[PDB]
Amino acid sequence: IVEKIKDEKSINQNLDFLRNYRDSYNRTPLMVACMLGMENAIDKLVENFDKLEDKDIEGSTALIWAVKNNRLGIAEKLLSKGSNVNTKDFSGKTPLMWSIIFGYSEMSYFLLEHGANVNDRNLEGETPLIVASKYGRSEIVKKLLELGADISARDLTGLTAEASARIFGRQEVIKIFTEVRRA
């Protein structure tokens, strides 16, 4: 696959092969390029084969592959081609969720500035605010509150984001909640 998607020229001589290629994860060439950070291949793969919202065996689109591998250049190119920033994998996690889980700060801000939903929920009812609180992403908590995230939301555990921050000992996050509550 790599040699076939190494450049526009390679892509054009392997069109038939690439058009219906799927690997063991049911991934398209586009998803593979996204994982590998082959920024040069993205636009031509999209223009030729589309499939922006096709999902692999975990329910991940190409944008999920880019985000979980912190490929900011790729994610930028996908959003300008029309990728859905609020896609969900089969666990109900969105790109913003993944960026919070892995602590990819720049990616998180980019996703939020490109329409990532601040209130979406995964299957266990966690919102981005709850996930950022549990993972101790204190600047992301601050940003989500600034963007109007619902502080009152509760997940499967019945706890709010702030209560979850206390359970997980996230002092800076707790400090953000306190500053917010005061002001």
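We number the residues from 1 along the sequence you see.
Higher mean CA temperature factor, per the PDB entry, when comparing 172 to 180 with 2 to 10: 2 to 10. Of the two segments examined, 157 to 165 and 18 to 26, it is 18 to 26 that shows the higher average Cα temperature factor in the deposited entry.
Between the residues 61, 40, 133, 127, it is 40 that shows the highest Cα B-factor in the PDB record. Residues shown: 57, 36, 118, 52. Highest C-alpha temperature factor in the entry: 36. Per the PDB record, residue ranking by Cα B-factor puts residue 151 in the highest third of the chain.
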